[PDB]
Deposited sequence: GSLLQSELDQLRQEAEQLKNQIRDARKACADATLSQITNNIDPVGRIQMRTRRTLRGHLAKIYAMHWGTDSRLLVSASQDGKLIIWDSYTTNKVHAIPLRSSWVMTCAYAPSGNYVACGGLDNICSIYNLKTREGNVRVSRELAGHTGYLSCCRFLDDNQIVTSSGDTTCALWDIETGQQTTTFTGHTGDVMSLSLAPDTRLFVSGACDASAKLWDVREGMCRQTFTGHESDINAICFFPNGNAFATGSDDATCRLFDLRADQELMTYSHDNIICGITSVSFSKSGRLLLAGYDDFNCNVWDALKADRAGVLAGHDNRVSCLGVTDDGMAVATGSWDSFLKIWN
């Protein structure tokens, strides 16, 4: 009956495509054609952080827009003070191969993970005075690509096993598993209301998940690996930067591909994607060693950061929109403003 099921699936996919085309009366560029362009956005490297020993694979800001955690392949997880360049903590990891770092919203815990398939959650507010591994979540069958905190007790982790997980930290167990993707899930963005999250994988498809219920609501389709994903500040759109030079903006309420940010002079893959606080600027890190700032509505390039000697591997915009921190494969992070 596999033929019958495949035929029904093909018919359903065609119905989805037809319905999604039936709601595409106008394109985002047509509506945006009248608003004035942003103009040259020239951001300068204010602070440069020079502590790590090897390539930086991830950063994540704190909710205070002051502290930030950076993970390097040297086995270090450095918690930096952005304003003063001071190093607040230097956690030595048990595994040197780290692909993700997460800073809890409360500022108490920080998460790391990588080839070890373990999500290591470290406690920073201990009475002992030193950072300790509070928990080691150990249920994945593939490398961790992204960890994000929901609160102090729940984490959401994307792994190379084609599955995402929602863990209760105290119990140490996977409360929920998300099992739709057909390839390695490389990125993960949590909606501001923390009830949904979009995961981009290597199947050239992003998937929107309901955390509370465990299902996959919508599947958005890119022509290569999706390496970074980031929600729009609204909570009703998101951006996916992929291995084909392209960052695409999708909208949940319409189940569409609103815009495709690409340029003929860009050939490398996007590693990181972030939005400015307003949502008007889409910052994307590239293998070309520089970050491009796109206008998220006119789909035109607005600026270039261009201050790194190796590929930009992580990008993050503070909660207050004050700065965009770029971490590349040279040890350095750069805080642009």
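Q: No C-alpha coordinates anywhere in a stretch? Then put that deposited-sequence range on the list, in order along the chain.
A: Comparing the full sequence with the modelled residues, the uncovered ranges come out as 1-6, 228.
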